[PDB]
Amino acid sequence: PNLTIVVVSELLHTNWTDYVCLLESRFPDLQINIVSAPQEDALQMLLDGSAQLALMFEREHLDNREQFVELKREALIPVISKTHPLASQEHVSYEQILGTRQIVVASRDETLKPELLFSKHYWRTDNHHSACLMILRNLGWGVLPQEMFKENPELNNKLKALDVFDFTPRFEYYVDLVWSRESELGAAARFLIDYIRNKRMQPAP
């Protein structure tokens, strides 16, 4: 038997590893395959049974074919390379961001969210590691998961948060654990879902 979990691309550089450790401790002979896909493909994988669980960040596309349980919120920060021309400057004006290249993460142009584009020109990539590498080369600025800074403490030396966004709503993902309602859940999947639901604190009666 095996358990395949699809982590939507945008959530790769997030915190899913705790769930894998839980599963591995409880099922020491289980084969756990961690794969990644656009959210659109992730959902189809749940429908045709190639994945048993998905980590996703948007309920908008969810029909009732899907069931889910809320997980943690993941924080993202707008950053720029400290050696970028705009970085010498004490602060980046909102005109300067309007005129600088933004590196955006999205599965395709179609899935680009306009309220999150702040520059007139942008490049699109489908994962935060690619975005991060290009920002590091001074090719632009963009929004990265705070977790990346935990994974790689040298990034603080090389990247700088953009203060100009301090009076703007924070960038974040709300992460759900999603499965197919029609599926017959395996023991490991049921263990994890039950674990997450049971660990939530409920109001006193």
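For every residue, the number given is its place in the sequence shown, counted from 1.
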query: Average Cα temperature factor in the PDB entry - higher stretch of 126-134, 89-97; finding: 89-97
query: Residue range whose averaged C-alpha B-factor is higher in the record, 61-69 or 157-165; finding: 61-69
query: Peak C-alpha temperature factor (PDB record), options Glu184, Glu24, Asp18, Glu10; finding: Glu184
query: Largest Cα B-factor, entry values, listed residues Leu144, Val178, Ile32, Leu47; finding: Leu47
query: Chain-wide C-alpha B factor ranking for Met201, given as lowest, middle or highest third; finding: middle
query: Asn152, C-alpha B-factor rank within chain (lowest, middle or highest third); finding: highest
query: Position of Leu112 among the chain's modelled residues by C-alpha B-factor, lowest, middle or highest third; finding: highest
